[PDB]
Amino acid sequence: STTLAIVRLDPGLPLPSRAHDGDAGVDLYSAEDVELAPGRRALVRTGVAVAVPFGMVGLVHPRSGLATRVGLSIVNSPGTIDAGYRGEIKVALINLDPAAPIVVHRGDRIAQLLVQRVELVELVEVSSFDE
């Protein structure tokens, strides 16, 4: 078990948690009410900040059910949460349905957060690859 320090910037939301055992991610809540008309986007506060360990990355993924049912997606998916980042996690939701709005209420689960190792590669410039 890797530990992850989290601050509830919004104390009124539940702490993100694993929907089932072995699940890859924890769901993030919206701190806000917002309505997305077809094709529109918004940057939604989640009410949390995290300290992803050095050598790791946090990844913000859309939820499948809302994706199919209403066309909810994320413009920068997967969103990359860097180890050094100590601000509020924000989710760039977009409505990809052509005709119907998406209604987001505060306290809805709008995205999921995974933590993974990342290779912090040193780039080494070469003149050519070995053919």
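From 1 onward, residues are counted along the sequence shown.
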**Request:** Look up the CA B-factors in the entry and say which stretch, 103-111 or 17-25, has the higher mean.
**Result:** 17-25
**Message:** When the deposited Cα B-factors of this chain's modelled residues are ordered and cut into thirds, is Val124 in the lowest, the middle or the highest one?
**Reply:** lowest
**Request:** For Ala5, return the chain-relative third of its C-alpha B-factor as stated in the PDB record: lowest, middle or highest.
**Result:** lowest
**Prompt:** Split the chain's modelled residues into thirds by Cα B-factor; is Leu36 in the lowest, middle or highest one?
**Reply:** highest
**Prompt:** For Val57, does the deposited CA B-factor place it in the lowest, middle or highest third of the chain?
**Reply:** lowest
**Prompt:** Hey, what third does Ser64 fall into on Cα B-factor, ranked over its chain?
**Reply:** lowest
